[PDB]
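For this one, two forms of the same chain are given in structure tokens, first as structure 1 and then as structure 2.
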Structure 1
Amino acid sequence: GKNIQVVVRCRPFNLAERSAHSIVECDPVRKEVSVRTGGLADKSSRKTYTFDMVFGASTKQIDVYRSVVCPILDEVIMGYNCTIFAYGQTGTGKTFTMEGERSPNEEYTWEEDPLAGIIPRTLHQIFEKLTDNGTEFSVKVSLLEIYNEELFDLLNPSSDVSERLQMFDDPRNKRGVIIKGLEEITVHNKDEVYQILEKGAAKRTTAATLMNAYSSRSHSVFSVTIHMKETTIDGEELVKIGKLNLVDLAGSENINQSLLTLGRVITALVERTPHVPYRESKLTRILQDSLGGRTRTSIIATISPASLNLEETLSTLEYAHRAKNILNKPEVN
């Protein structure tokens, strides 16, 4: 098989956009997204697509999590490598979804903030779930940013802020690679996560001021690895290793080698062309497994309601729809 998952999430209007009206309507039950392509004179022309899941503007973070992220976490705990990423135009919610936002004036703890996104939630759930099944386990996390074909580690303490790091192909996995010098931190309890993110958050900032049009132009890849012990009825011991990669892509509005290449790889997979160009960009190289690989991958494509962004929105959905045909064969480690 076995197919990958694509879901669409559309954000609500800004204060700013309030005074417009939407051309996008998502009907979750039917799993469709409809966009009005006509402008002011047609109103009846629509483009509609069907995705595995569709989340409208009414959707809270919690819902997104339960709907797509939870199931994935189950798999990760079983030993699968899972990748989830966000794709969309800038300003449409990728960053929000994957990481979320922290509400102001400590109203909520990090754990209960409802603006929190997938990453922090995921980190939280992991400790809960794992802890609740007894068993020895450990968590390692890493975060890297890819800007302009250069990789920067956001968790490194080093004052060698932008030391480019190097990757090599990994022999153990033919579709994978290792990044030498990438810091991986072992997180021992839920109480250490926030500190990491925050730290990570800061370092990203520095780099922002280290280079041109950052946020919107680079990709961030967050990864968690989990090793859990299990015992069979026969005393044989099992070790499961699972990895979840959560990535926040660069705006689809777009030096952009990683993104282009990605589109290219996708086309190749979908069309069956004999040689697929994973090697052409740093990003595709690390996500090779995800696309046509051994991992289960989910893509969240985020779009916006505003009339203004119609062309981008349409393209975002086109892209998403066609990615639905990638096939992966998920396997357990």
Structure 2
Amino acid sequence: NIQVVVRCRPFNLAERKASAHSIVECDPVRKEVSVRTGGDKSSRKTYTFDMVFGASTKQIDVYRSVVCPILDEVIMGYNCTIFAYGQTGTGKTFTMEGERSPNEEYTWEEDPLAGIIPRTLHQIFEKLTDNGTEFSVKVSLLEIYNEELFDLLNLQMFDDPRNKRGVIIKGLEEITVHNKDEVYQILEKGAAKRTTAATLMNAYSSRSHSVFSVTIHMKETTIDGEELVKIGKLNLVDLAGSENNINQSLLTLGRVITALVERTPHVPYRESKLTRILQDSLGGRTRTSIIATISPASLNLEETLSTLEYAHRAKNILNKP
């Protein structure tokens, strides 16, 4: 139930300035990433994943391929989580949040540069208004920095007495999003925050986990007129940069993912703030996906191999001859 995909972004100008060369070749059809490792010429390691998106990949492609099937499961009343993992500067935030094309050329709903979070919020309204039923949508956004919780929309964690796998975050702002106009407003506010953030703030962010949670309450009425409510939650997690001190939440999440994939009887959720928060959306019926982001440039060989080695172990798929 854990999908692992790789997304490689295009070369950037910093990498061209450094005179780096391309060491990554992506093959979306074979689902492979091959990396030149010798600096050598023939030295090469190949990894196989569930999906591989190369540099030309559009935001809408990632959304349709990765998120849509997961959203469908959330709408059935399950809790699911999608992660972006990788070195700082490789595309975690672009993938999760994306951005607005310059000059207001598009609405957020239609913008080709919008990422997973804005697309998910728009699709929830689409999918459920055309479904015909009554529903509400709430969002929260929290940051985990140095094993402490911060509310990005405005904290203390306690186990939830009415949910053996869940926690209650005291004081966390959960805002109702009533329509698509309110979606636009939250996105405009977030972009303003990103755009005007000082350098120290961006830096903090590169070392922090961001957890955007959308909770959907869906009402049905049995034939005789009884009201029933089901709840689905989708956590969209932009992880701290993976480059090498040790991030306790990231190491703990890795261990949790390993325990889940290997069917280790003890899954160490309690060992970190992040994994306690995500416990109720990990390990169960639920679809989980990890999007591992990488750079194609030679400058980043060590960090790219680190990411690929981890992601490969998390899925372990044998290369097809």
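We call the rigid core the largest set of C-alpha positions that still match within 1.5 Å between the two forms. All residue numbers here follow the sequence of structure 1, with the first residue given the number 1.
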Problem - Rigid core superposition between structure 1 and structure 2: residue from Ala213, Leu182, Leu115, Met78 with Cα shift of 2 Å or more - result: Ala213
Practice task
Note yes or no: does the Cα of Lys31 move by 2 Å or more between structure 1 and structure 2 after the core is superposed?
Solution key: no
Handout entry: Core-aligned C-alpha movement of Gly56 between structure 1 and structure 2, 2 Å or more
Key = no
Practice task
State yes or no: after fitting on the rigid core, is the Cα displacement of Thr267 between structure 1 and structure 2 at least 2 Å?
Solution key: yes
Handout entry: Rigid-core-superposed Cα shift at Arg279 between structure 1 and structure 2, Å
Key = 2.5
Practice task
Superpose on the rigid core and then read off how far the CA of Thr297 has moved between structure 1 and structure 2, in Å.
Solution key: 1.1
Practice task
On a rigid core superposition, how far has the CA of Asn325 moved between structure 1 and structure 2, in Å, if you could check?
Solution key: 6.5
